[PDB]
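Working notes, structure below.
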Amino acid sequence: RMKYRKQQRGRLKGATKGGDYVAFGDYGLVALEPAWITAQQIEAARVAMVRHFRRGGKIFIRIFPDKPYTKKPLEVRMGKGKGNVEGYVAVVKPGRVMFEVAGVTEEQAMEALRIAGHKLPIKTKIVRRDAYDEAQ
Amino acid sequence: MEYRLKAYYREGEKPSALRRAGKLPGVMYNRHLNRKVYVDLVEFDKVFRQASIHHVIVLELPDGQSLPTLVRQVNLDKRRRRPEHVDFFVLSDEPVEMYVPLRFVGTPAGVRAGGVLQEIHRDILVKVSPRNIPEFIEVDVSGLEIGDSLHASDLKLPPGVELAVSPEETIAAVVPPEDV
Amino acid sequence: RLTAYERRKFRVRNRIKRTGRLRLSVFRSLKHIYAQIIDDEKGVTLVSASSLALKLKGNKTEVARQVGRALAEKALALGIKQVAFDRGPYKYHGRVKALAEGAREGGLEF
RNA sequence: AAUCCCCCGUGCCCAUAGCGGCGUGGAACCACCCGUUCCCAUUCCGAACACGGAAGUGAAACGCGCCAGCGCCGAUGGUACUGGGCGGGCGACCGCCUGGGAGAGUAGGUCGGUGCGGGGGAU
RNA sequence: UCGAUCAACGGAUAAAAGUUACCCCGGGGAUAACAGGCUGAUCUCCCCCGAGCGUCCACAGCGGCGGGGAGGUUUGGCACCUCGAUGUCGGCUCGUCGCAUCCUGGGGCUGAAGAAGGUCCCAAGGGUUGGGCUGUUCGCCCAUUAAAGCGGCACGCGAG
RNA sequence: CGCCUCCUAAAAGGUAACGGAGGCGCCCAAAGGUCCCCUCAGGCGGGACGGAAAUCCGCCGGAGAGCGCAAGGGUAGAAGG
RNA sequence: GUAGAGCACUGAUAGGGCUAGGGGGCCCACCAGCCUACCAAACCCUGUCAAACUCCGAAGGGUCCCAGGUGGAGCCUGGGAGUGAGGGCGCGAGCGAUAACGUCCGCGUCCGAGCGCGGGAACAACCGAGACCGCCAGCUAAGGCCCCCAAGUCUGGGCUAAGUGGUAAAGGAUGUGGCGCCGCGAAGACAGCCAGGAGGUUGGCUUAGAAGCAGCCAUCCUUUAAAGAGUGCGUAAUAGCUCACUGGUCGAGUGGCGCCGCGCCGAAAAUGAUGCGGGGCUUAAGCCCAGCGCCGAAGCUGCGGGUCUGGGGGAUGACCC
Numbered sequence: 006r007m008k009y010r011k012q013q014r015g016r017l018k019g020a021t022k023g024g025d026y027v028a029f030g031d032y033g034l035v036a037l038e039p040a041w042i043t044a045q046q047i048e049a050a051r052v053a054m055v056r057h058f059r060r061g062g063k064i065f066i067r068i069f070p071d072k073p074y075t076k077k078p079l080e081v082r083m084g085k086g087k088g089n090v091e092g093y094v095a096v097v098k099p100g101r102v103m104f105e106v107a108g109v110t111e112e113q114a115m116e117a118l119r120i121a122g123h124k125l126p127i128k129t130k131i132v133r134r135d136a137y138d139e140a141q
Numbered sequence: 001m002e003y004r005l006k007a008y009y010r011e012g013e014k015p016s017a018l019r020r021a022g023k024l025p026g027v028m029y030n031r032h033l034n035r036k037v038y039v040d041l042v043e044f045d046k047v048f049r050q051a052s053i054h055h056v057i058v059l060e061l062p063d064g065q066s067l068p069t070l071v072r073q074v075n076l077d078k079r080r081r082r083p084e085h086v087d088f089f090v091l092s093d094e095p096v097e098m099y100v101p102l103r104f105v106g107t108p109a110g111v112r113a114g115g116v117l118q119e120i121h122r123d124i125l126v127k128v129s130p131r132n133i134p135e136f137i138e139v140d141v142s143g144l145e146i147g148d149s150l151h152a153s154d155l156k157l158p159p160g161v162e163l164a165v166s167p168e169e170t171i172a173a174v175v176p177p178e179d180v
Numbered sequence: 003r004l005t006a007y008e009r010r011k012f013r014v015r016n017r018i019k020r021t022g023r024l025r026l027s028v029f030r031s032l033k034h035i036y037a038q039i040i041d042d043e044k045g046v047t048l049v050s051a052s053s054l055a056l057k058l059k060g061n062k063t064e065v066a067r068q069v070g071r072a073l074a075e076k077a078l079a080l081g082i083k084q085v086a087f088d089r090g091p092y093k094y095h096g097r098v099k100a101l102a103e104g105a106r107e108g109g110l111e112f
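Protein chains in written order, with the authors' numbering: chain AN, 6 to 141; chain AW, 1 to 180; chain AP, 3 to 112.
The following block contains the structure:
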């Protein structure tokens, strides 16, 4: 994971929709019904992919290790300053533009994702480049 | 090639209903003369899809006034895909804003090379070219490795010239699998 | 930019807040010089100081004191009867000290 | 006297009154300009401010006009949001009815429009 | 117009610490402890994906990484029943249901020759020993045994 | 366990939480008056004792340097020098 | 000014181009070259987040005056007071594990304190609805009409058939039905059929063997059933097998990926069993859309009465509106 040299301790909780979509290579994994996702799990996929792909030609990225999740205590009784930092991860909720390359050229990439996310943690879908995009 | 069926009514209620039948809102626009014409998707799409259609305009039929146009904007649909409003501009004669389809061949020294593959960043060019841009503006080389990269500078510009883009900034570059 | 321009806009805004109703705008330099009267930007502007009716470009900060006293009475009656002050692109010792005394008699009336 | 026009000032409008590029005016403006005993001034110099005047020039500050490259402006549509009433789902949550309905995103837009005093510019 | 952590800051006094299993009086489950309740922490059982072990063979035997539920046990969360009263352990005696079944069988599978193991799905039928030491149920140990299960019922049982 | 500042007060204002954060229980005799002047850090280019960074020259700049002290507001049309 | 939003304010951060700070660099006294090995102020482009970041900006809410404005409240003066702890539901933030019939605050309703009726089985707060008192009167909510029990085992058009009804996810699948789509060379289809499965195809290593059916790639040719750089049972190569092809055989429709709505596997319990019970699956069912119809509240109307309050005639009553 990576949410290094943060700045604060913790966030809060909500969820509902955002701004992920594009393309960025044509080997895409897009979420759909999630929320936050373990930076770890994340790396999981990272691995899954990386390894499948004859183990070399790079994939890309997508979301980030974003926030700090806290179960606070360890199992006590509740009233801590709610302190304790512990699990860091992504906050993606409306089918998000999760972008992963390599040069698989195929349903091979497919598999890669297949497992990566099948795994990961939600109802989600995948594809390629479908309606470009024009900027300034 | 393209065409459509107009909206007398417009804005919300209407485009929604459109959707309902299988029609998405459409903006027909030409240098400060504007009209809301509406989108019959299915076909609409096949068309768009051509994509060659999105890069290099086409002709549309409305009422019976065959005219020249492209997409200058589009609201494609949040919760999935498909759209929320398709946007086209019909041209007079000075087309400067051109993201012409671009193709280039990084003839081997890439993946057959040190494993490294080539990353396509620009792939298209928003330069200038009035009512004159090909379905394929292109360029070529034979290196894709080391820590190699090339862009808008190297470029190599054809006929209806004019770089509305920038002094080079990455058409493409090559990265290693587990290095080279 | 903001620098010298401000020299200006500063005597400006301060002068401006000041409010005893009117202000004459003197203006330094030789033929350059000339001072016009104003009030609230009601829109109006009382009378105009000295149309370059040259009297002695010589060592005459007095060319000044004169044009001044002149404008002094000019307005004095020009616009019946009133009291206020003015601008100035500088302290009152030379050109400007001058427009000053000019005004000075303008009000003094003796 | 009281017509528009050139302007020197000096006013409302906050960047289409901006940056910057080409030009261009002194006749008359006005600027730099000349010099400094005299007002008065630089913790150094009249650099600025200042006094003290022909000149020389219009380089520089400078005013309009052409140029939109950067910047500024930044609609029509369009989605998100949602004020209110109802549904659909154990669910985190989705969706339906009725008014409001920015942003960014191609348009395309601009290189100010003017308040008043006035040297005066055209019997 | 001065003295003032009256600084537990609206400040009883100037001037104050303790300890009670020796204790005693008022009311509240508006607060713990037992258990119950709901939650599930969770632990237990199960289910996905496969990096990957299984000479060869991904998955006969296995699962990295990450993931997804079942259940009400274990270590917890809460406060409403209860403080005009609900006896908490260990064991005894009589036990009653439950299956993720230990022995039983019926099974497909094997890396299954036989035999014997081991690998899952079906099925509670009966059955599911003695002692040792430990107040401990758990446990470790002696001897066997077809086998010598996990657990529900305030961790069943004081009106026994 | 008193007070100031920011979040959550969810847009008026305004509210807990053993909710997040973080300061003060000084002074400044002249940071107290007003008059007159001035006008940032930082970027770049060129320079004695330099020599990442003084001091000076030359450009550049919604002012992000600045204002005893924390935050926030403001704000160099200075409250700033 | 939170939602949104955007990124230029600050802070993040992901793939990118240029750049230096650590460096190879030795020519090693005009001491400067490629590489770059560099952390990049950076760099612009590609990228998404922020309650305590924001260049933009609402959805309402705040409020001043004019106007609606009578229910009936609205105002000020005044004596008699009770709670000073409460819970639930919905939305919005805390927290808690985004757990709990948890606890914190707020907008609303609520429930107590009326919230006594309907109701959903029965259930303080979930949808309907305000009970002053009558009626062997009728219209209705919600939500219902085979039966247990008032009300069509209505009609119409479908889709499931597992009993889903009669709680569950991850996820799995030649379920069921539906798209909006692909193969039809009647130059008569696919599974079923017949026969040939052709000669250079004969190392490249290894040849103990590749002489497709042993490992490191070969991607050519002739040649016709049209051609397997041979997908496959294999050992010692080799030798034999099904079509990947007709070629002929048949011909007349075949194998698919996306998107759909309705089901199954996944989902094992403790006194006994269960959609409420009987029950029921082309009305009897259930899910979806269509329309009609009757049921059922102290809710609403009609015979009447009681009662207080403004006003109305106040004669004492009183009566009536």
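Note that CB positions come from ideal geometry on N, CA and C, so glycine has one too.
- Considering only beta carbons, no part of the stretch 140 to 154 of chain AW lies closer than 8 Å to chain AN.
- Along the stretch 92 to 118 of chain AW, the positions whose C-beta sits under 7 Å from a C-beta of chain AN are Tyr99, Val111, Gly115 and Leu117, read in chain order.
- Taking CB atoms only, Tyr137/AN has a neighbour in chain AW less than 7 Å away.
- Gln46/AN and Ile133/AW have their C-alpha atoms spaced approximately 47 Å apart.
- With respect to chain AW, the C-beta atom of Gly62/AN has a partner C-beta closer than 7 Å.
- Between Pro176/AW and the set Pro68/AW, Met1/AW and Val111/AW, the nearest pair of CA atoms involves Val111/AW.
- For the pair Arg97/AP and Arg30/AP, the CB atoms are nearer than the 7 Å cut-off.
- The beta carbon of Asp88/AP sits closer than 6 Å to those of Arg25 and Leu26, all from its chain and outside the five residues before and after it, given in chain order.
- Here DSSP, grouped into helix, strand and coil, assigns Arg17/AP to helix.
- The alpha carbon of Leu101/AP has as its nearest neighbour, out of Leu80/AP, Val46/AP and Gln38/AP, the alpha carbon of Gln38/AP.
- Between the alpha carbons of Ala164/AW and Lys85/AN lies a gap of roughly 59 Å.
- Check the Cα spacing between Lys59/AP and each of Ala79/AP, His34/AP, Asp42/AP and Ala74/AP: the tightest is with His34/AP.
- With respect to the 7 Å criterion, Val100/AW and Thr69/AW are not classified as neighbours on the basis of their beta carbons.
- Residue pairing by DSSP places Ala40/AN opposite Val97/AN in a beta bridge.
- The C-alpha of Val109/AN is placed about 15 Å away from the C-alpha of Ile131/AN.
- Among the residues facing chain AW, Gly33/AN is not included, as its CB has no counterpart in that chain under 7 Å away.
- Within the stretch 22 to 35 of chain AW, no residue has its Cβ closer than 7 Å to any Cβ of chain AN.
- Runs of the beta strand (DSSP E) spanning 3 or more residues and lying entirely within the stretch 15 to 76 of chain AN occur at 33 to 35, 40 to 43 and 72 to 74, in chain order.
- Residue nearest to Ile146/AW within the set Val42/AW, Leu117/AW, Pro15/AW and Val96/AW is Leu117/AW (criterion: CA-CA distance).
- Within the same chain, Cβ atoms closer than 6 Å to the Cβ of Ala20/AN are found at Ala40 and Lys98, the five residues on either side in sequence being excluded.
- The continuous alpha helix (DSSP H) containing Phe48/AW extends over residues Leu41 to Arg49.
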